[PDB]
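Here the structure comes first, spelled out in C-alpha cells, and everything after it is commentary.
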Amino acid sequence: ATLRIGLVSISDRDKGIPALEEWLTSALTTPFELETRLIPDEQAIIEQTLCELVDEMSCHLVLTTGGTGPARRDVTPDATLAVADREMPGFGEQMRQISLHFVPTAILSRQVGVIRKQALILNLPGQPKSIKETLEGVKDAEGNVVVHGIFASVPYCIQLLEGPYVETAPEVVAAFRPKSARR
Amino acid sequence: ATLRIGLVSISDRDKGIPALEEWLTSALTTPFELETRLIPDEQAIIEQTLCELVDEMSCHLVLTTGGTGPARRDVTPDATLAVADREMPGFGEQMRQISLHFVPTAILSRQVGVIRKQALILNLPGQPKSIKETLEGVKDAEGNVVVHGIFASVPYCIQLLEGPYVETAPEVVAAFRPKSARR
Amino acid sequence: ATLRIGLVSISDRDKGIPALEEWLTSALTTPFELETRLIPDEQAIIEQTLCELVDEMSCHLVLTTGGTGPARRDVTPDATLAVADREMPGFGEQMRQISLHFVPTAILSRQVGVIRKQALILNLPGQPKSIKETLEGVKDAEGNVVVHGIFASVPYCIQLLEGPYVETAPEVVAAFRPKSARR
C-alpha cells in the first residue's frame, strides 16, 4: 500500500521540508504520499499539527524537523510527548548516538520518538545535513555501514504497528526485518 | 547466601523460562533458587506477578522475557514501571546498546530495569539467543570482552541493595566490583 | 563575563569539592566564581541547596558530586529532577556511555542533567577520578580525543541559555560550537 507520511518543519522564525522530500524520494522504493506543514515554534500549534496529521489525515509516520535543543523556545519534544500514547526510548537515545559520531553537541538535543494511535512520530534536527545523517547513518569509504541510520528500523516498526509494507533502496538504507516479517 | 530469582515468561499466545534456567546455571557459582511463572501478555496479570514475586516470594532479582516491542499488545515495560519504586535508566539504555551490536532493530525495544523494594527487575527479549546475548555481551574470537553483558553489573547491584553475595564464572561473565565491595 | 558555578558535594557521611575546583581551574580560560556547598545525603536538603544556588545565588552552572547509585540512600538524581523545569536526556545517557569506557558498573548510576530557570545542573560521580573522566573524556596515548568529555558541550549549552561566553583550554577540553555561535 501507499505510506502516508506527515512532514512538519518547526520554524522559530525553509530547508526542512525540502530536505525530507529529497531524502524520502531517494530512499523509498514502495509508494508514499506527503502531508507537509510549516509552522511556528509555539507548543500548542505543534501539538495541534501532530494531532491533525495523525488523527484527521491518518498518517502512518510523522517526521518533524527543528526545535529540539536546550533553549527556552525549543518545545518540539515537549509537544510530541504531550500528544503521545507511548514513548519509544530507543529512538531518542540512538538518534543522539548516531549524531555524536559527527559532533559532541548532539547530546544537547531533547528529541524523542513516540507512538500516537498506530503512527510513529520522530523528532529530527533542523539542519538539512543533520536530517540526512540521522536517517541514513555512518558508512565507510567503500559504502559499508558502520552505524545504521534510524530509518533502518522504521519499515519494520510500521509493520508491527499494522501499517503498510514499506521497502527501501539498499544503496541508501537497508530495511532490517526478521525472518517472521519478510515477504 | 542463596540468591532467590524470579523468572517470568510473558506469552502473547515456551522457550523463555528454559533459556534463563540454562544461562543462570552456567553463569552463577554461588547458590540460587528459582520461582518461575508463565503468563499471558495482559498488563494487570504482569503487574500482579511481579508484585507476587517481589513481595510475597521475596525474590532478590526478577528477569522477564517477552513483550517489550512497539506493538499495541507489548506491555511488559509498562507493567514493570507501574510496580517500580525507582527506575535505573542505565539498564534500558545499555541493554539496547548491547543488542544494537547484533541488529539495528534493537532500538524498537522499550525494556527497562527498575527497583521494587530491594529487588532488581530487568526486562529481557523474548528470543532465547537474544536473552543470552544481552546477559553475556559481545566477545571476540579468543573470548576477550568487547562490550560487557548486562549481568556483569548485577552481582554488585544486588550487594548495594543489601542482598546476598553473588559470584559468577569468569569464563561466562566476570562480576565487576570495586575494592570496597570485594570479599 | 564571569561564569558563576555552584559545586555541591553530597555526603552520606571531602574530596568532591576539591576535585571540581582543580579541574575547573585547569580547564577554563575565561573567568569564573565558585559557590561551594557540602551537605548530607537527604533529599530535601539537596533540593533546597540546588534552589538556593540557582535562584538566590544566580549560578549559571551547578555540578553535583555523589549519591547517584541504586542504593536506597542515593537520592541526588531524585532531588535534581524535583527542582527541574526541563530534563536534558542526552547528558545522563552520555555520562553513562563515557563512564562505561572505564567500568561496566557505570550503568548503575542514575545521574541526570536538567535545566532550572536558565541554569544547567549536572550530576557527577562521587570519586575524584570519575569526576575528571566524565568531564574530559577518553583520549589516546598521543592525546587525541576518542570520546569527547561531557564538558565539551557545556560552553555552547550555557550560551544557548543566554549565559556568559565561556572558553576552555584545548589541551584539557575543546569547547565545540557551530559557526553561528563562534566569536
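The chains in the C-alpha cells are called A, B, ... from first to last as shown; in each chain the residues are counted from 1, and the ligands are counted from 1 in the order shown.
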
With a cut-off of 6 Å, could you pull out the residues of chain B touching chain A and give me the nearest pair of atoms for each, distance in Å to one decimal, using only C-alpha atoms, ordered by chain and ascending number, as a tab-separated table?
```
residue	atom	partner	partner_atom	distance
B:71	CA	A:161	CA	5.6
B:105	CA	A:153	CA	5.1
B:107	CA	A:90	CA	4.4
```

Selection above as a file: N, CA and C atoms, as an mmCIF file, in the first residue's frame:
```cif
data_model
loop_
_atom_site.group_PDB
_atom_site.id
_atom_site.type_symbol
_atom_site.label_atom_id
_atom_site.label_comp_id
_atom_site.auth_asym_id
_atom_site.auth_seq_id
_atom_site.Cartn_x
_atom_site.Cartn_y
_atom_site.Cartn_z
ATOM 1 N N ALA B 71 4.569 -2.792 19.446
ATOM 2 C CA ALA B 71 3.204 -3.191 19.155
ATOM 3 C C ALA B 71 2.275 -2.940 20.309
ATOM 4 N N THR B 105 17.408 -3.092 14.801
ATOM 5 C CA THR B 105 16.054 -3.068 15.301
ATOM 6 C C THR B 105 15.917 -3.206 16.801
ATOM 7 N N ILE B 107 16.608 -0.975 18.749
ATOM 8 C CA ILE B 107 16.064 0.273 19.282
ATOM 9 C C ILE B 107 14.545 0.289 19.367
#
```

Quick one: residues within 12 Å of residue C:3, only C-alpha atoms counted, chain neighbours fewer than 6 positions away excluded, as number ranges by chain?
C: 24, 28-35, 58-62, 119, 154-155, 158-159, 162-167

Could you dump the residues just selected with C-alpha atoms as an mmCIF file, in the first residue's frame?
```cif
data_model
loop_
_atom_site.group_PDB
_atom_site.id
_atom_site.type_symbol
_atom_site.label_atom_id
_atom_site.label_comp_id
_atom_site.auth_asym_id
_atom_site.auth_seq_id
_atom_site.Cartn_x
_atom_site.Cartn_y
_atom_site.Cartn_z
ATOM 1 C CA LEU C 24 37.674 23.752 36.500
ATOM 2 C CA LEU C 28 38.546 27.251 31.886
ATOM 3 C CA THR C 29 40.373 30.164 30.244
ATOM 4 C CA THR C 30 37.552 32.716 30.882
ATOM 5 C CA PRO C 31 36.886 33.910 34.468
ATOM 6 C CA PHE C 32 34.650 32.036 36.932
ATOM 7 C CA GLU C 33 33.472 32.294 40.556
ATOM 8 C CA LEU C 34 32.537 29.377 42.822
ATOM 9 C CA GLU C 35 29.757 28.842 45.364
ATOM 10 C CA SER C 58 22.157 33.137 40.329
ATOM 11 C CA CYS C 59 24.549 30.346 39.305
ATOM 12 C CA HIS C 60 24.745 29.640 35.554
ATOM 13 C CA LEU C 61 26.017 26.071 36.100
ATOM 14 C CA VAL C 62 25.714 23.693 39.080
ATOM 15 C CA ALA C 119 20.906 27.230 34.754
ATOM 16 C CA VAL C 154 28.804 22.863 28.246
ATOM 17 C CA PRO C 155 30.099 26.213 26.964
ATOM 18 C CA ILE C 158 25.349 27.959 28.551
ATOM 19 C CA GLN C 159 25.431 30.274 25.504
ATOM 20 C CA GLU C 162 21.628 33.198 27.441
ATOM 21 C CA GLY C 163 24.571 32.940 29.884
ATOM 22 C CA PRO C 164 28.133 34.215 29.586
ATOM 23 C CA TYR C 165 30.599 33.345 26.837
ATOM 24 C CA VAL C 166 32.780 30.542 28.206
ATOM 25 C CA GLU C 167 36.061 29.298 26.705
#
```

Surrounding residues of stretch 10-22 of chain C excluding itself and chain neighbours under 5 positions, 9 Å, only C-alpha atoms, as a PyMOL selection string
chain C and resi 27+34+36-42+46+63-67+73-74+76+125-129+131-132

Pull C-alpha atoms from the residues just selected and write them as a PDB file, in the first residue's frame.
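What landed in result-v5.pdb:
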```pdb
ATOM      1  CA  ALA C  27      40.005  23.729  32.012  1.00  0.00           C
ATOM      2  CA  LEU C  34      32.537  29.377  42.822  1.00  0.00           C
ATOM      3  CA  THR C  36      30.573  25.616  47.261  1.00  0.00           C
ATOM      4  CA  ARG C  37      28.309  23.539  49.468  1.00  0.00           C
ATOM      5  CA  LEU C  38      28.995  20.296  51.410  1.00  0.00           C
ATOM      6  CA  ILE C  39      25.692  18.672  52.537  1.00  0.00           C
ATOM      7  CA  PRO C  40      24.269  15.372  53.778  1.00  0.00           C
ATOM      8  CA  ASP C  41      22.522  12.831  51.541  1.00  0.00           C
ATOM      9  CA  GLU C  42      18.956  13.831  52.494  1.00  0.00           C
ATOM     10  CA  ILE C  46      19.715  18.626  48.320  1.00  0.00           C
ATOM     11  CA  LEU C  63      27.804  20.488  39.294  1.00  0.00           C
ATOM     12  CA  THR C  64      26.919  17.919  41.981  1.00  0.00           C
ATOM     13  CA  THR C  65      29.105  15.020  43.146  1.00  0.00           C
ATOM     14  CA  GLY C  66      27.919  11.875  44.937  1.00  0.00           C
ATOM     15  CA  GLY C  67      24.724   9.956  45.655  1.00  0.00           C
ATOM     16  CA  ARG C  73      20.028   6.473  50.270  1.00  0.00           C
ATOM     17  CA  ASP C  74      21.319   7.748  46.903  1.00  0.00           C
ATOM     18  CA  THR C  76      20.791  13.117  44.224  1.00  0.00           C
ATOM     19  CA  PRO C 125      30.089  10.676  40.380  1.00  0.00           C
ATOM     20  CA  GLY C 126      31.424  10.772  43.947  1.00  0.00           C
ATOM     21  CA  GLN C 127      35.007   9.629  43.236  1.00  0.00           C
ATOM     22  CA  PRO C 128      37.565  12.223  42.155  1.00  0.00           C
ATOM     23  CA  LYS C 129      38.969  10.145  39.262  1.00  0.00           C
ATOM     24  CA  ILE C 131      34.634  13.280  38.104  1.00  0.00           C
ATOM     25  CA  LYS C 132      37.588  14.098  35.839  1.00  0.00           C
TER      26      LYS C 132
END
```

DSSP on the backbone: which residues in stretch 44-182 of chain A end up as strand (DSSP E or B)? Give the answer as number ranges by chain.
A: 61-65, 86-87, 113-116, 119-124, 137-139, 145-148, 168

Can you check which residues of chain B DSSP gives as alpha helix (DSSP H) on the backbone and send them as a ChimeraX atom specification?
/B:16-27,43-51,76-82,89-100,128-136,154-160

Between atom CA of residue C:44 and atom CA of residue C:56, what is the spacing in Å?
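One can read the atom CA of residue C:56 to atom CA of residue C:44 distance as 17.0 Å.
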
Can you tell me how far atom CA of residue B:50 sits from atom CA of residue B:113, in Å to one decimal?
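These two atoms are separated by 12.8 Å.
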
Best match for closeness to residue B:55 among B:116, B:77, B:130, B:99, counting only C-alpha atoms
B:116

Which value, in Å to one decimal, gives the distance between atom CA of residue A:98 and atom CA of residue A:179?
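Value for the atom CA of residue A:98-atom CA of residue A:179 distance: 26.1 Å.
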